[PDB]
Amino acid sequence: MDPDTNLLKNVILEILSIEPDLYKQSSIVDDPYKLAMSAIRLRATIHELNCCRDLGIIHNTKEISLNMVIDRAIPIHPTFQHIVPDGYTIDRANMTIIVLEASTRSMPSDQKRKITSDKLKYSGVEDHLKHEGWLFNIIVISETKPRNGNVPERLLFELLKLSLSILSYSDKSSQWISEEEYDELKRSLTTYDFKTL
């Protein structure tokens, strides 16, 4: 297992030199399992960050809630359901609030189910902001691969490959990762579109 964590550590460190904002969530620990899980979260966080850049919105790394987003646009409003969006912006000029939900899923049928589950969180919110005089655009993205942006795809591939390598090697991985998440990542690796890499 020794070569895999050492390379994964260097992969993570190289990604941070390209996108230093990811330092807030990264880890370079020696524990191979903890390092693998942080690489998996980093993969998802890279996708979010690049979706936020492409949309010109704030990456919600401080994890403020939908209620707190709306607070910065309309101080008085009913208490909505608890939601933490991946990204948001408040356009005071245009009286518009944008929220983003971004994910990766290897198969199109899972992307559609993920998109649905994410959209369902927001029931009723647009109606309330409709009445209270604001535009509320919910953007929901679920794509086959994480958007790499400035990060070479080679590095995102190695996040996936090395983490699964670490996690497949042993029994005790099941304390760290659900069968669902492991299966989704393994499918993304086995069906990886290598044409781009």
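One-based numbering along the sequence shown.
Between 183-191 and 17-25, it is 17-25 that carries the larger average Cα temperature factor according to the deposited entry. The PDB entry reports B-factors from which the mean C-alpha value can be compared for 121-129 and 81-89; the larger average falls on 121-129. Reading the B-factor column for the CA atoms of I115, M107, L100, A73 in the entry, the top value corresponds to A73. Sorting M37, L135, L160, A44 by the CA temperature factor given in the entry leaves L135 at the top. In the PDB entry, a CA B factor belonging to the lowest third of its chain's modelled residues is recorded for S65.
When the modelled residues of the chain are ordered by their C-alpha B factor, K172 lands in the highest third.
Looking at the C-alpha B-factors along this chain, the one for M1 belongs to the highest third. Among the modelled residues of its chain, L8 has a C-alpha B-factor that falls in the lowest third according to the deposited record.
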